[PDB]
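Enquirer: this one's a deposited entry, sequence included:
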Amino acid sequence: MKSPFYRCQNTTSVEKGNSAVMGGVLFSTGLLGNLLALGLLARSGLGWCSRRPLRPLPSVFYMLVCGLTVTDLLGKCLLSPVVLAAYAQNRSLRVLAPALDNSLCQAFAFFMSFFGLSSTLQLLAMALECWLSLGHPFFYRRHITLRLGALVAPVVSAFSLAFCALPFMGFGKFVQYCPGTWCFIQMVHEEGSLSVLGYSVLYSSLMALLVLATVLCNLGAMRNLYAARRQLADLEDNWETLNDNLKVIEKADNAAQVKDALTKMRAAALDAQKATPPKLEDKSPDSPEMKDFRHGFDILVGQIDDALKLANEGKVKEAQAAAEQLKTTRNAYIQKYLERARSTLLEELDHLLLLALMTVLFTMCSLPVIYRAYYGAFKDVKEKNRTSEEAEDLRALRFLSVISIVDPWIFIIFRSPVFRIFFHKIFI
C-alpha cells in the first residue's frame, strides 16, 4: 500500500515511548487549578451555594469568565478520561473501543475543535465587552444586559457545534496523530483534494481573524482606559491647583497676588468644568449625577467671580472668607464623584488586566497551531520528515491543550490581595 505522511497513523498500539505520566500530572494540576478557581468564585463572587448579604452586582465580565471556566472544566472532564485510558492501557483510540473503533477518535477531535472554537469565541466576546464598556456605554446598556453573560455560552456552543459538523459531512475528515492519544483535524495532505484542505484552511483563518479581532479590541480598551486615566489625572491636577490657590489666598498679603491667584483658580475651574466622567457618558447632563456636579462647578465659578470683584475693590478678609466658603462647598460636590470615578477606573483596570493576561496566553498557544496548519496545505509537504516535524506537531498540540491548565492557574492570581494592590497602586 501507499505510505501516508503520518508515520504512526494506523498503529494499533500507542507508539513506544516515554512521558506518559507527565500527561497525567498535567491533567491533575489543571483539574486542581480549576477546582480551586471554582471554589474561590463560589466563596467570593457569584457563588449561588447559599445566601450572602453583599452579593455584588454580577458583571458581564465575571459572567463570561465563569462560563469559560465551566466550559474548560467540562472539556477536561470529557477529554482527559480517554487520554488516561489510552496511557494506562497502552492502546490507541482508533482501537480502544471495538464498537466505537474510529468514533472514539472522531468525536475526540470533534470535541477538541468544538472547545477550542468556543474558548476563542468567548475570549472575543469578553474583549468586545471590555472595549464597549469604556467608549460605548450607551450601546452597552441598550444591548449588553446581565442576561447576556448567561446567553453567550449557549449561543457560542451552538455555533461551535454547527461549525464542527462539517467534517462529519465530508469536509476535512479527522485523523490520528502519532502518539495515539491525540486526534485532531488533518493538517497535511499530499492528496490535493480541495474538499479536505478547505476545511482546515477555513478553521485556521477563522482562528487567526478571531485572535486578531481580540487583540484589536484589547488595544482599543487599553486606549480608552488610558484616556480615562488622563482625564482623571487632569481632574486631580485641577483639584490640586484649586487647593494651592486657596492656600495662597488664605495667606496672601498683596492685592495683586490675590487677584492673580483668583484668576488662576477661575481658569482652572473653567478647564475642569468641561470634563466628562469615564462611564457617565450614556446619560444626558440632566441626571442628578452630572447635574449636581455642574451646579457645584457653576457655584464655584460664581464664588471665584465674586472674590475677583472683591479684590478689585481692595478687600482681603472678604476674599479670604469667600475662599473658605468655596473650600467648604467644593468637597461635598467633587470628592464623592472623584472617588466613584476612581473606583470605576480600578474595576475597569482589573477587568482589562485579566482580559490581557488571558489573551496573551491564548495567542501564544494558538499561533503555533495556525502556523503548522498553513505549513500544511500551502507550503510543500513532499515527505520532508516523519519524526522531526511530527515532534513539532505534537508540541503544538500540547501547547494548544495546555491552554486549559494555564487559564485556570492564571485566574487564581487575581484572587490575591498582593497582586491587585501592586497593580491597583501603580495605576491609581
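Expert: Arrived safely. Numbers count the residues shown, from 1 in each chain.

Enquirer: contacts only, for residue 40.
Expert: 412, 415 (CB atoms under 8 Å, 6 or more residues apart in numbering). For the C-beta atoms, the positions are set from N, CA and C on the backbone; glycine is no exception.

Enquirer: just how off-centre is stretch 346-356 within its chain?
Expert: Relative to its parent chain, stretch 346-356 has a centroid offset of 7 Å by CA atoms, centre = their mean, to the nearest Å.

Enquirer: break down this structure into its helices, ranges please.
Expert: For the chain, the helices defined by DSSP state H occupy 20-44, 60-89, 93-96, 103-133, 137-143, 148-163, 166-169, 194-249, 255-273, 288-313, 317-377, 388-414, 417-427.

Enquirer: which stretch among the ones you listed comes nearest residue 12?
Expert: Nearest of the helices of the chain to residue 12, taken as CB to CB: helix 93-96 at 5.0 Å.

Enquirer: ok, and what's touching the closest one?
Expert: Counting by CB under 8 Å, 6+ apart, 10, 12, 82, 85-86, 89, 101-102, 104-105, 108, 176, 180-181, 183 sit against helix 93-96.

Enquirer: apply 7 Å and report the result again.
Expert: Under the contact criterion CB atoms under 7 Å, 6 or more residues apart in numbering, helix 93-96 has outside partners 12, 82, 85-86, 89, 101-102, 104-105, 108, 176, 180, 183.

Enquirer: do the same with stretch 317-333
Expert: 242, 246, 249-250, 258, 292-293, 296, 299-300, 303, 306-307, 310-311.

Enquirer: for the helices of the chain, give me TSV that also has distance to residue 50.
Expert: Converted to TSV, the helices of the chain look like this (distance: least, CB to CB, whole Å):
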stretch	distance to residue 50
helix 20-44	10
helix 60-89	17
helix 93-96	42
helix 103-133	28
helix 137-143	31
helix 148-163	20
helix 166-169	43
helix 194-249	35
helix 255-273	47
helix 288-313	34
helix 317-377	25
helix 388-414	23
helix 417-427	24
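
Enquirer: between these, which one is nearest to residue 1?
Expert: Residue 1 lies closest to helix 93-96 among the helices of the chain, at 16.6 Å (CB to CB).

Enquirer: run through who's touching stretch 154-174.
Expert: Residues from elsewhere that reach stretch 154-174 (CB under 7 Å, 6+ apart): 105-106, 109-110, 113-114, 117-118, 121-122, 183, 185-186, 195-196, 198-200.

Enquirer: repeat that for stretch 221-240.
Expert: Here stretch 221-240 makes contact (CB under 7 Å, 6+ apart) with 130-131, 134-135, 268, 271-272, 275-276, 278, 334, 338, 341-342, 345, 348-349, 352, 427.

Enquirer: ok, of those, which come out buried?
Expert: 130-131, 134-135, 268, 272, 278, 334, 341-342, 345, 348-349, 352 (16 or more other CB atoms under 10 Å).

Enquirer: how about those residues in TSV, adding distance to residue 20?
Expert: Formatted as TSV, the buried ones among the contacts of stretch 221-240 follow (distance: CB to CB, whole Å):
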residue	distance to residue 20
130	40
131	43
134	47
135	49
268	69
272	66
278	52
334	64
341	55
342	52
345	49
348	45
349	43
352	40
